[PDB]
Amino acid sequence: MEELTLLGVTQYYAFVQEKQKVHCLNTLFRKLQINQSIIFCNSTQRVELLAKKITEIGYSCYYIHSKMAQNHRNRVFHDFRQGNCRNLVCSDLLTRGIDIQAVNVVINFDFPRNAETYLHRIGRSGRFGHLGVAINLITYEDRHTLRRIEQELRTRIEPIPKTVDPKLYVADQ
């Protein structure tokens, strides 16, 4: 049995053209009541490019990726957990940070290529299952990767509705 679990994380996907990802991301910020959010991309170059664009549209965001130093990643993450930052852009990182209660939305701006990367991004270590929502931005050409990861992880990833039920990601306490 796996250490990380997906029970408690509602998972959605949206069919996006690569040229339209930034626009779809801006639509998500506007239609969801995001407290804090974490956004994954598949390369460190795309992590920095997204973080700058996002701040240009006028959203609060830091970023950490694999080619920063570990002590620098710790302090930026500490600043983000502190509330100094609203969103955090991240590449894939082997060393995970502690859970942040204010993080209720995790977004896969770029879809991971395998199931273990997906679980390492979205899975939760504890069995308390703090309610949250994960949103995957996917191209139609890439839908077969989503089905395979869905079956391999024995989970359910649904097409995102117009209105996400806030019961599934708005903390009720």
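Residue positions are given as counts along the sequence shown, with the first one as 1.
Comparing the deposited coordinates for 63-71 and 125-133, the stretch with the larger average C-alpha B-factor is 125-133. In the deposited entry, the Cα temperature factor of residue 76 places it in the middle third of its chain's modelled residues. Residue-level temperature factors show residue 109 in the lowest third of its chain, judged at the C-alpha atom. Per the deposited record, the Cα B-factor of residue 49 falls in the highest third when ranked against the other modelled residues of its chain. Placement of the Cα temperature factor of residue 140 within the chain: middle third of the modelled residues, per the deposited record. Ranked by Cα temperature factor within the chain, residue 57 sits in the highest third according to the deposited record.
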